[PDB]
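Trainee: need a structure here:
(2 chains, ligands or ions: 8)
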There are 2 protein chains.
Amino acid sequence: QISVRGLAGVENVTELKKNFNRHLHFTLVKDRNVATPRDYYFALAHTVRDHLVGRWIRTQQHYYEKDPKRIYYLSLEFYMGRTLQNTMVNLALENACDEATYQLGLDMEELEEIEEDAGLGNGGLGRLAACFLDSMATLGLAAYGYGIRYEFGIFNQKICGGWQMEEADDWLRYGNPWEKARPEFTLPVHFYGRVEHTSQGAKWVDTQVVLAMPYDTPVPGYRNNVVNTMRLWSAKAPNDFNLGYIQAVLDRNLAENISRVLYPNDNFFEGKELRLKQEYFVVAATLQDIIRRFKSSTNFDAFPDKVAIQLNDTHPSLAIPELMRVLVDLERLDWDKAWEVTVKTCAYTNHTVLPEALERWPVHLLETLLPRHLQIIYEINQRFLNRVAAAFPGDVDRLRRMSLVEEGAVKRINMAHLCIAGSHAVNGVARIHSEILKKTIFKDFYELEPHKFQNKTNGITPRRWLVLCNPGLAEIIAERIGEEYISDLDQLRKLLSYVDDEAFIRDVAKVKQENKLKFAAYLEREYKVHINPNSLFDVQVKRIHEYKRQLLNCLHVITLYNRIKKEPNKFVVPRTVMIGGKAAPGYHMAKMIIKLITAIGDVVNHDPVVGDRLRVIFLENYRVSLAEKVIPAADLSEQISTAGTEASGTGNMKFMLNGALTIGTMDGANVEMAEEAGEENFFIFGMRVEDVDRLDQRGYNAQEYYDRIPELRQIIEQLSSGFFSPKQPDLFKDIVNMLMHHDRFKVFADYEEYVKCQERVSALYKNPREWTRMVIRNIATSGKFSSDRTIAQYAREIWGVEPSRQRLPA
Amino acid sequence: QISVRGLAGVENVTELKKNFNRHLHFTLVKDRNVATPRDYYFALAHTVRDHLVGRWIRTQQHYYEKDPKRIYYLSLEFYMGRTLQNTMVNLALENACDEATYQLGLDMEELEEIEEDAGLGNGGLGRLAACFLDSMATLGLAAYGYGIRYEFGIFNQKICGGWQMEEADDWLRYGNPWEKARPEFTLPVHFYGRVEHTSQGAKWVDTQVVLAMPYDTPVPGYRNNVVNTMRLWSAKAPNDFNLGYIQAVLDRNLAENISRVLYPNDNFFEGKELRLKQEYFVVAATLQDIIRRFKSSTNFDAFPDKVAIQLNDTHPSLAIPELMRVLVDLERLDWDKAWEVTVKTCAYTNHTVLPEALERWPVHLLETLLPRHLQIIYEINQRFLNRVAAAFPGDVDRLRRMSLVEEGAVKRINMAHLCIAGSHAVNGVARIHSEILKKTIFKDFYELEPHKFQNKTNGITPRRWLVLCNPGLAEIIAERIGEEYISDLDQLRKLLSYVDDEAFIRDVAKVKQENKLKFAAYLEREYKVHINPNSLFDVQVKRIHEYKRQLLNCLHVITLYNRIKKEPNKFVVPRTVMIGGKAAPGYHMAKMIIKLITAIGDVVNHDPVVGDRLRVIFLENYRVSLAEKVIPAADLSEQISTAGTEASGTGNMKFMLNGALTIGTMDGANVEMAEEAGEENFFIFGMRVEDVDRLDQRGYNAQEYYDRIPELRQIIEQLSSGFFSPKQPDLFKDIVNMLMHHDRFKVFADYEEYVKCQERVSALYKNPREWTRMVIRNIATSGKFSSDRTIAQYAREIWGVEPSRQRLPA
Ligand SMILES: O=C(NC(=O)c1ccc2ccccc2c1)N[C@@H]1O[C@H](CO)[C@@H](O)[C@H](O)[C@H]1O
Ligand SMILES: O=C(NC(=O)c1ccc2ccccc2c1)N[C@@H]1O[C@H](CO)[C@@H](O)[C@H](O)[C@H]1O
Ligand SMILES: O=C(NC(=O)c1ccc2ccccc2c1)N[C@@H]1O[C@H](CO)[C@@H](O)[C@H](O)[C@H]1O
Ligand SMILES: O=C(NC(=O)c1ccc2ccccc2c1)N[C@@H]1O[C@H](CO)[C@@H](O)[C@H](O)[C@H]1O
Ligand SMILES: O=c1[nH]cnc2c1ncn2[C@@H]1O[C@H](COP(=O)(O)O)[C@@H](O)[C@H]1O
Ligand SMILES: O=c1[nH]cnc2c1ncn2[C@@H]1O[C@H](COP(=O)(O)O)[C@@H](O)[C@H]1O
Ligand SMILES: *Cc1c(COP(=O)(O)O)cnc(C)c1O
Ligand SMILES: *Cc1c(COP(=O)(O)O)cnc(C)c1O
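Mentor: Numbers count the residues shown, from 1 in each chain, chains lettered A, B, ... in the order given. Ligands and ions are numbered 1, 2, ... in the order given. And now the structure:
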């Protein structure tokens, strides 16, 4: 049908059809007469999966032969989404499979909807790991993703009476065709025990053993025949575990609980023992694999030349003392040499400056669970603080500020300080964020070792986030500039010469309209809600956090409603305001915000005077597969975090690539986005970081804004009096109290500028031609935000390896 | 190589080789360079598995079209063993696969040793279900086996310091290629709750729900292209289960524990709640399947014409009140009509007369877990006792004896009485056992309803228990009488005309010698123990129970040892005495017996004066795959239970088919075996049932035997004084105390006759020609003990269906 989806040759189509029928019969044990749509999905999945095998075996044997430097990306989260369409895209099989299934009397898009998301992450950090794997494979790097195979990923969100309910994400129920179990490569992981000091150094003894069983998932590069591996560990009890009899067998669950469920708290660090076990589990098993592979090529001098370990946040920070443990205790290397190797091997990426999110493990937990690692941490700390004292003699306060050990009621280990000490590179994820790191929370470390600190601005893969989710846009772009931009997104700059092209303007606007029509139909079919497809699609999708300020969006929505009620017969640009995202289960305020959004919707959507001029919809169960649907349909992207709080954002980039304009603060990657597109092509508002700082020094008084802005006062009165909850008039008292007395994120301070900026958005939307021209200027300058660019910078500036777009033989 | 293993045609061999290579590549994702023997096993397994698919689909669709009466065999145990060789045998693929693998440079027998046993049973009852499935498929019956997919089967037995240790049987660790998960056919099972009485009858409400997910395993008939299904249920938590958040997800384990582990207690009934849950779980899920299939053909009059349910012991006895529940509560049938349907549908098989093994569930457990079923049981009981009162007016003691409710400190439900009341047929498993049922424990029920009581003497499948495990014997038999005996074992009678045939005598003896050589080599390679292959292989393998009297065997062994020590320079027939079997983990005496056997071995095997004239070996981890090795190697089969205690035995039949002579009491199927072969061709000794009865009336005094038999006294003195345990002289005091003061099984009473009979065995073994001639007379008359005969009797006399050896189209 469309060019970017590849060739549908007679020979390929015939072959796909017969392999489909073979799998239906031999693999699924069904015949056409009782087969369901799910059976058909699995037959297709197995058929496409077959095409990965040869490339996967030969990629991995190629690495064994050529022995390049290996990149190990350690993460507790890999937010992969669906795999079927992505595999077809990267293998150039999409049109062929579409034709093959059409000829068998099936709709491939319907079959694609059956696949469960691999929801093994919370949001941005987990999705970044997924985009990175795609880019590393596309750039021909010998890269491995290592994590945990959670039996249950991020919870499915149900909305009941306006409240979030959580249910288990049983994503493995029907099986996972994309994983290959490797029980033969099972490895032991140790917990508890005690440290014994012999003549020949320390020994960790009397441990409890949990087995780590790997499951391998292929990661195909874009049309380069490279297939890398994501290896995820599953927890298994040893066979003599607890070995009255029946209870001992049932107690195996205790060991296997390690890989049972993803922790869904993305707001606040909680020192839970099970989480600590997960963190060590992934680290201990992974490092054995790394070392095995390094030995199968005595001398650890060459270790950093052959191995890079990237830590996705501090979550796998135990890699640093674990590497030291193995090198010192098992390999008998001297401390200083082991430390040199460790530092040159490890690099650390930070994802937030919010103090409550930083990992600070109680010493008493580490003492019980990992006694040897605590000893090693103490020794790392002593040697590090000796270096600080020599560099800054007499600066006693610096010593306590930089210590890996935090003093207080409970002693804690600062995992971020551990990561900086033990890594040769530390990076933030957007230019402003990396600057904030050097000026604020890690200032002392930057002064000691300035060379360690880098920036690596985030990116997204243009495969999933353009070609897969928005084929209509990919095609109209390809018609003008060819197909090379898919693996070289900078080429989108060529589209600037089409900003005055009448055909292209019309095509861009047509693709958006079709996407909006498709999404409007999806909302009725799956959720029974009606929307006007001619309205401006105003979208804020991301996890629910106070710093992300969904509340500020709520205030604007109520303002528009109140303005309509005040002057009903005046014209306003119709809007469909869509807010979606999950709240961490223990985050009370976030759960209240969800309830507020639905409550606003209940009043607004049923007011006859409003009509179809304003609609407020909460998008339930926001996840990767839903993002692929809503983002192509969006007109306006809400990126409205308080300046200095959102480290980067990546959703922002997805919307820019897909033809939405952005209303945003100068925060995270928004700054660089506006810089690329031009500030005149961006809807920028609000305090800058400097203005926030000035307000903090003076003290933030919300009452001032309430007193001086009548429209804001009205909203607060409505909230307080029970206008949005007639049967429970005090329902939103917590929200009001927070806004008035303890708002860390200064919602009121940005309100006026936000409302004014929103008026400028509505004004431009009235001029479809000028709206679309500005859209073209955004799409054309989105190239920097490809994760291919990001990964190439990691490769060259941190890992010390060269990327290549060169094909492996098919 | 050998004829009975089928053809190895050029076309088949070429096809098997390429499909093997395809699976290695596409299914296992390996290449020849890093593939291990386990990978090669799985490639072969998948290759053979492919050949089952077409036949499986067409057998099941054939049943849907022809709508025959369906047989449902309900069991908590299916002791299947390995599947690969059995599948090859039944499909006539063995020689072809042997050649195919040979040409790829592999040894198929080595690959076969990699497969784990499916150890989903304890012993005879579980293995009977497995033999029955094979025979039902071979006789073309529309039969389904329904049970539980235990994650852990019967424990692996390790011997440490002479003691049994149990470890988890993690049989699913590497995957199971023989099962097909059917998550789409998941069904709900209800527990707890309460009973509500409305105008429209009773309702069971406020229940907890556990999901039952089926896994299907193919059961191929012998070369008839029939492939039946064994459906095993796995427990799954519903997605809103317990739905702080983390704990709720981890608590899903509580629901899923239902199918976690097989209960290994085969001696003593224990009223454990988890076991009750298992029993209802299998029954509730199975009955929904039965009813669904019956409806997919309103009128339940025809239900018994289309459905037979066979209860393997009382373990699935809840089927009776569950069927009543569904018919009365859900389908709205009147009680009397539902009861008529239930009785005509169900039949019950008893496997023991020992009172401690009978299921007697505390009322308080049923009240909490299954409140509606308890109400139904009470109602069944009232109506049943009304019938008894009308038949035997004024007989008040009969009423309390026959009641399903047992009075006492704790009220209990007698599940056996429930089964008799609710079944149209009740059978024992050997003629003497069925007679004992009618004369003793079920006498009252027999007097009320004599027509219900039947005999169905047990059998074993000649596929697994001759062709598979003893191909050498199968071949020499086939050379003389052809191949038809494999599915018509009565044809073995033709071998009587070869009893004086010199060539055949030599061939029978040669096959035995080769089997003994092969097993002697196995013992050295896998267990590092040396044996004389020229000695008489004296074998007792079965679960360790007091009634089975492994202790009597022990007494004989010590007698031979003491006789040798008394007259060292006298000639005795050399013996290798092999005892093997698992003890239930909580059965203290059985664990002591194992320790005694190893302790005897420790003294006997290291006495220089003994030499290689006597060896005592405990066969560790006795299971189906080990039985297939040891049984073909045996010369003497020990079947020495106290008369009236072993309901049938089936091991006895396996040994008879494989060319061993039997030393046994007139117990269980031994009686019929001796009747078939002729008493002159059997080594019969000891008390008959009548003699045991006479001894009980008088009172059994063990002291009498101790006082009057000097050789017995010596052994007891040796045991008491610490001759077999020098460092713990009182180790065996429990054994001695039991033998002297509370032996339910009269070990001393059979001692003299047993020892004398053993002398007659040794005498015959000195004459190899006459030994072998008697062996031929045994093999020739073993035909009755085919499970094909057993199943044909069930079919005709209980289920009301005709068997057929007719092929389905390939
Ligand atoms: O589709 C599957 N088919 C079988 O296991 C299968 C196929 C044919 C069979 C023929 C005879 C007997 C068993 C069979 C099982 N298995 C599924 O494979 C998935 C992807 O590898 C895996 O995730 C599932 O756990 C498994 O059920
Ligand atoms: O998603 C993020 N964090 C999490 O999901 C997360 C996960 C586990 C946590 C555990 C304890 C405390 C905070 C946690 C946050 N961070 C986001 O990372 C993106 C990728 O760099 C970035 O664009 C966002 O600005 C950042 O908030
Ligand atoms: O052998 C298996 N292979 C795969 O799952 C497989 C094969 C090829 C693949 C290619 C690319 C990505 C994943 C793949 C998985 N799976 C096993 O199938 C068994 C039998 O059906 C089942 O019991 C095991 O659970 C499963 O690991
Ligand atoms: O194996 C048997 N029983 C068990 O394994 C078993 C299983 C679970 C139990 C639970 C509670 C009490 C006893 C149990 C026995 N019985 C044997 O059945 C054979 C087949 O009919 C028969 O040949 C044997 O004589 C009988 O002991
Ligand atoms: O010992 C070896 N001999 C030959 N090939 C090997 C060996 N070790 C690893 N390989 C190849 O490297 C691939 C990946 O190995 P892994 O990354 O260590 O798991 C395998 O699939 C093999 O093709
Ligand atoms: O609804 C039906 N239409 C056609 N075939 C069916 C239908 N129901 C069952 N079958 C056939 O019967 C087989 C076994 O079904 P089951 O025993 O009910 O699980 C299936 O594999 C089908 O081939
Ligand atoms: C991209 C993405 C995110 C990250 O969005 P931000 O707006 O950067 O927080 C979160 N969830 C999903 C499902 C995503 O795809
Ligand atoms: C046949 C068999 C049994 C039954 O043996 P009996 O001697 O009849 O108790 C027990 N276990 C296994 C593994 C068997 O094969």
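
Trainee: contacting residues around the residue in the stretch 1-150 of chain A positioned nearest to ligand 2?
Mentor: With Cβ to the nearest ligand atom, the shortest gap between the stretch 1-150 of chain A and ligand 2 falls at residue A:124, namely 3.0 Å. For the C-beta atoms, the positions are set from N, CA and C on the backbone; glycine is no exception. Listed by Cβ atoms under 8 Å, 6 or more residues apart in numbering or on different chains, the contact set of residue A:124 reads A:351, A:542-543, A:648-651.

Trainee: please redo it, this time with the cut-off set to 10 Å
Mentor: A:77, A:79, A:266, A:351-352, A:429, A:458, A:542-543, A:646-651, A:668 (Cβ atoms under 10 Å, 6 or more residues apart in numbering or on different chains).

Trainee: mind telling me what element residue A:100 is part of?
Mentor: helix A:94-103 (DSSP states H and E).

Trainee: and that helix, what does it pack against?
Mentor: Packed against helix A:94-103 by the contact rule (3 or more Cβ pairs under 10 Å, 6 or more residues apart in numbering or on different chains; DSSP states H and E) you find helix A:10-22, helix A:37-66, helix A:84-91, helix A:108-112.

Trainee: mean neighbour count and distance to ligand 2 added to these, as a markdown table?
Mentor: Below are the helices and strands packed on helix A:94-103 laid out as a markdown table (neighbours: other Cβ atoms under 10 Å in any protein chain shown; distance: least, Cβ to the nearest ligand atom, whole Å):
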| stretch | mean neighbour count | distance to ligand 2 |
| --- | --- | --- |
| helix A:10-22 | 16 | 37 |
| helix A:37-66 | 19 | 27 |
| helix A:84-91 | 23 | 20 |
| helix A:108-112 | 16 | 26 |
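
Trainee: want to try TSV for the ones you listed, with distance to residue A:262 as columns?
Mentor: What follows is the helices and strands packed on helix A:94-103, written out as TSV (distance: least, Cβ to Cβ, whole Å):
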stretch	distance to residue A:262
helix A:10-22	33
helix A:37-66	23
helix A:84-91	21
helix A:108-112	24
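
Trainee: JSON lines please, covering the ones you listed and showing distance to ligand 4.
Mentor: Listed next are the helices and strands packed on helix A:94-103 as JSON lines, based on distance: least, Cβ to the nearest ligand atom, whole Å:
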{"stretch": "helix A:10-22", "distance to ligand 4": "42"}
{"stretch": "helix A:37-66", "distance to ligand 4": "38"}
{"stretch": "helix A:84-91", "distance to ligand 4": "46"}
{"stretch": "helix A:108-112", "distance to ligand 4": "46"}
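
Trainee: among those, which is nearest residue B:482?
Mentor: helix A:10-22 (38.7 Å; Cβ to Cβ).

Trainee: helices and strands around the closest one, which ones?
Mentor: helix A:37-66, helix A:94-103.

Trainee: distance between the first one and the chain's centre?
Mentor: Looking back up the chat, that one is helix A:37-66. Chain-centre distance of helix A:37-66: 25 Å, with Cα atoms, centre = their mean, to the nearest Å.

Trainee: is it anywhere near ligand 1?
Mentor: No. Figure legend: helix A:37-66 not in contact with ligand 1 (Cβ under 6 Å from any ligand atom); closest approach 6.8 Å.

Trainee: does that helix come close to ligand 3?
Mentor: Yes. Shown here: helix A:37-66 in contact with ligand 3 (Cβ under 6 Å from any ligand atom) through A:49, A:52-53.
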